[PDB]
Amino acid sequence: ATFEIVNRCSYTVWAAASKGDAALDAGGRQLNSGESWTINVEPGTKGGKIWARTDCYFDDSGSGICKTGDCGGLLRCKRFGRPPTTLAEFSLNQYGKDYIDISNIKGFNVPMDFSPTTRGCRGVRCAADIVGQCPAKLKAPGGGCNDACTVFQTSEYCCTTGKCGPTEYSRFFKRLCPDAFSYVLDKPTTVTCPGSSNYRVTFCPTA
């Protein structure tokens, strides 16, 4: 499946793509403002994610640090990134179908649209200014808006027992972005697409 990742933000981002224990495609690449990077993701990929990382420094071997979404200091991500990270999440060819969503469960750094480029389903988007409006206690001094699990490490925010409810913090993300997951048991905003669809992830789709 092809995912065209487009950076419409006015700042550089370093895109990242991983299924948690492996890179997808090259796993990561710099995207200056306006640049598009097309990756290939193997059919059947389950629990894949794409995100942006901000304010990265890498040396000549691809080792360094990002202020958001850092994936163990690598340019080419092999593992998931450090919160806060707005997440494009997908499982492809799962019994005939693809499933996509956007999640704020690991916080928010960059606004995102995640849409099919082929027929048969709608895209999802979380493009509101969550960083500017972020509650004081969730603001990440590094940049971005942390989820409450990351900040407070409770059973209730992290949904550790499988039995949690919405919270004042989850409701803030859900208010600004109704179409993204705001906590682990949120009512699903997953979109079912035809198996083997292709997609585009656009950072800052409205700015």
# chains A, B, ... in the order shown; residues from 1 in each chain; ligands from 1

$ select_by_dssp --residues "range 44-178 of chain A" --states "alpha helix (DSSP H)" --output "PyMOL selection string"
chain A and resi 130-133+148-152+155-158+168-176

$ write_last_selection --atoms "C-alpha atoms" --output "mmCIF file, in the first residue's frame"
data_model
loop_
_atom_site.group_PDB
_atom_site.id
_atom_site.type_symbol
_atom_site.label_atom_id
_atom_site.label_comp_id
_atom_site.auth_asym_id
_atom_site.auth_seq_id
_atom_site.Cartn_x
_atom_site.Cartn_y
_atom_site.Cartn_z
ATOM 1 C CA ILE A 130 -4.546 21.645 20.414
ATOM 2 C CA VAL A 131 -1.057 22.883 21.370
ATOM 3 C CA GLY A 132 -2.129 26.567 21.735
ATOM 4 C CA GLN A 133 -5.266 25.562 23.712
ATOM 5 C CA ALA A 148 -2.916 12.600 30.908
ATOM 6 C CA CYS A 149 -1.518 9.018 31.062
ATOM 7 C CA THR A 150 1.936 10.227 30.113
ATOM 8 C CA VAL A 151 1.731 13.096 32.637
ATOM 9 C CA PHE A 152 0.123 11.419 35.660
ATOM 10 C CA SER A 155 -4.898 3.483 36.177
ATOM 11 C CA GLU A 156 -7.733 5.817 35.272
ATOM 12 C CA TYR A 157 -5.833 7.786 32.525
ATOM 13 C CA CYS A 158 -3.800 4.856 31.305
ATOM 14 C CA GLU A 168 -11.544 16.201 32.163
ATOM 15 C CA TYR A 169 -8.317 15.856 30.191
ATOM 16 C CA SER A 170 -9.687 13.255 27.588
ATOM 17 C CA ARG A 171 -12.684 15.595 27.063
ATOM 18 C CA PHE A 172 -10.362 18.481 26.130
ATOM 19 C CA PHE A 173 -8.846 16.443 23.236
ATOM 20 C CA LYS A 174 -12.298 15.086 22.246
ATOM 21 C CA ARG A 175 -13.734 18.650 22.264
ATOM 22 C CA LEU A 176 -11.072 19.996 19.987
#

$ residues_around --residues "residue 83 in chain A" --least-positions-apart "3" --cutoff "12 Å" --atoms "only C-alpha atoms" --output "ChimeraX atom specification"
/A:51-54,66-71,80,86-87,103-110,138-151

$ write_last_selection --atoms "C-alpha atoms" --output "PDB file, in the first residue's frame"
ATOM      1  CA  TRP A  51       3.622  10.601  13.033  1.00  0.00           C
ATOM      2  CA  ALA A  52       5.597  13.791  12.796  1.00  0.00           C
ATOM      3  CA  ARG A  53       8.556  14.657  14.911  1.00  0.00           C
ATOM      4  CA  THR A  54       9.539  18.307  15.551  1.00  0.00           C
ATOM      5  CA  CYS A  66      13.778  15.299  18.443  1.00  0.00           C
ATOM      6  CA  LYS A  67      11.777  17.437  20.908  1.00  0.00           C
ATOM      7  CA  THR A  68       8.635  15.449  20.042  1.00  0.00           C
ATOM      8  CA  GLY A  69       8.090  11.946  18.763  1.00  0.00           C
ATOM      9  CA  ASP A  70      11.748  10.899  19.166  1.00  0.00           C
ATOM     10  CA  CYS A  71      12.101   7.170  18.375  1.00  0.00           C
ATOM     11  CA  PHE A  80       7.232   4.110  18.276  1.00  0.00           C
ATOM     12  CA  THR A  86      -0.566  12.910  17.098  1.00  0.00           C
ATOM     13  CA  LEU A  87      -0.871   9.376  15.572  1.00  0.00           C
ATOM     14  CA  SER A 103      -5.411   9.002  18.004  1.00  0.00           C
ATOM     15  CA  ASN A 104      -4.585  11.647  20.701  1.00  0.00           C
ATOM     16  CA  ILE A 105      -4.062   8.869  23.370  1.00  0.00           C
ATOM     17  CA  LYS A 106      -0.329   9.583  23.202  1.00  0.00           C
ATOM     18  CA  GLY A 107      -0.880  13.355  23.111  1.00  0.00           C
ATOM     19  CA  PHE A 108      -0.721  15.820  20.197  1.00  0.00           C
ATOM     20  CA  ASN A 109       2.194  17.606  18.521  1.00  0.00           C
ATOM     21  CA  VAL A 110       1.161  18.455  14.895  1.00  0.00           C
ATOM     22  CA  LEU A 138      -0.634  18.890  30.001  1.00  0.00           C
ATOM     23  CA  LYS A 139       1.697  21.362  28.198  1.00  0.00           C
ATOM     24  CA  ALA A 140       4.983  19.584  27.259  1.00  0.00           C
ATOM     25  CA  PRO A 141       7.869  21.988  28.022  1.00  0.00           C
ATOM     26  CA  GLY A 142       9.585  20.358  25.069  1.00  0.00           C
ATOM     27  CA  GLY A 143       6.664  21.361  22.703  1.00  0.00           C
ATOM     28  CA  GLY A 144       3.196  19.745  22.210  1.00  0.00           C
ATOM     29  CA  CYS A 145       0.309  18.684  24.463  1.00  0.00           C
ATOM     30  CA  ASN A 146       0.770  15.448  26.487  1.00  0.00           C
ATOM     31  CA  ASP A 147      -1.982  12.969  27.207  1.00  0.00           C
ATOM     32  CA  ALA A 148      -2.916  12.600  30.908  1.00  0.00           C
ATOM     33  CA  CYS A 149      -1.518   9.018  31.062  1.00  0.00           C
ATOM     34  CA  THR A 150       1.936  10.227  30.113  1.00  0.00           C
ATOM     35  CA  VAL A 151       1.731  13.096  32.637  1.00  0.00           C
TER      36      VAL A 151
END

$ residues_around --residues "residue 64 in chain A" --least-positions-apart "3" --cutoff "6 Å" --atoms "only C-alpha atoms" --output "JSON, numbers by chain"
{"A": [57, 58, 73]}

$ write_last_selection --atoms "C-alpha atoms" --output "short mmCIF file (atom, residue, chain, number, x, y, z; two decimals), in the first residue's frame"
data_model
loop_
_atom_site.label_atom_id
_atom_site.label_comp_id
_atom_site.auth_asym_id
_atom_site.auth_seq_id
_atom_site.Cartn_x
_atom_site.Cartn_y
_atom_site.Cartn_z
CA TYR A 57 19.00 17.16 15.15
CA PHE A 58 20.67 14.18 13.48
CA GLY A 73 17.38 8.93 18.74
#

$ residues_around --residues "residue 24 in chain A" --least-positions-apart "2" --cutoff "10 Å" --atoms "only C-alpha atoms" --output "ChimeraX atom specification"
/A:16-22,26-28,39-42,45,48-50,76-79

$ closest_residue --among "A:178, A:90, A:75, A:119" --to "residue 23 in chain A" --atoms "only C-alpha atoms"
A:75

$ atom_distance --atom1 "CA of residue 11 in chain A" --atom2 "CA of residue 201 in chain A"
16.2 Å

$ atom_distance --atom1 "CA of residue 100 in chain A" --atom2 "CA of residue 32 in chain A"
25.5 Å

$ residues_around --residues "residue 206 in chain A" --least-positions-apart "5" --cutoff "10 Å" --atoms "only C-alpha atoms" --output "PyMOL selection string"
chain A and resi 8-9+111-113+127-128

$ write_last_selection --atoms "C-alpha atoms" --output "PDB file, in the first residue's frame"
ATOM      1  CA  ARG A   8       1.904  21.381   4.717  1.00  0.00           C
ATOM      2  CA  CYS A   9       3.210  22.960   7.963  1.00  0.00           C
ATOM      3  CA  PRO A 111      -2.271  18.628  13.313  1.00  0.00           C
ATOM      4  CA  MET A 112      -2.994  15.907  10.751  1.00  0.00           C
ATOM      5  CA  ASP A 113      -5.421  14.737   8.087  1.00  0.00           C
ATOM      6  CA  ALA A 127      -6.505  19.845  12.769  1.00  0.00           C
ATOM      7  CA  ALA A 128      -7.582  22.095  15.666  1.00  0.00           C
TER       8      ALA A 128
END

$ atom_distance --atom1 "CA of residue 56 in chain A" --atom2 "CA of residue 180 in chain A"
25.8 Å

$ closest_residue --among "A:137, A:43, A:163, A:185" --to "residue 96 in chain A" --atoms "only C-alpha atoms"
A:43

$ closest_residue --among "A:99, A:37, A:3, A:203" --to "residue 125 in chain A" --atoms "only C-alpha atoms"
A:203
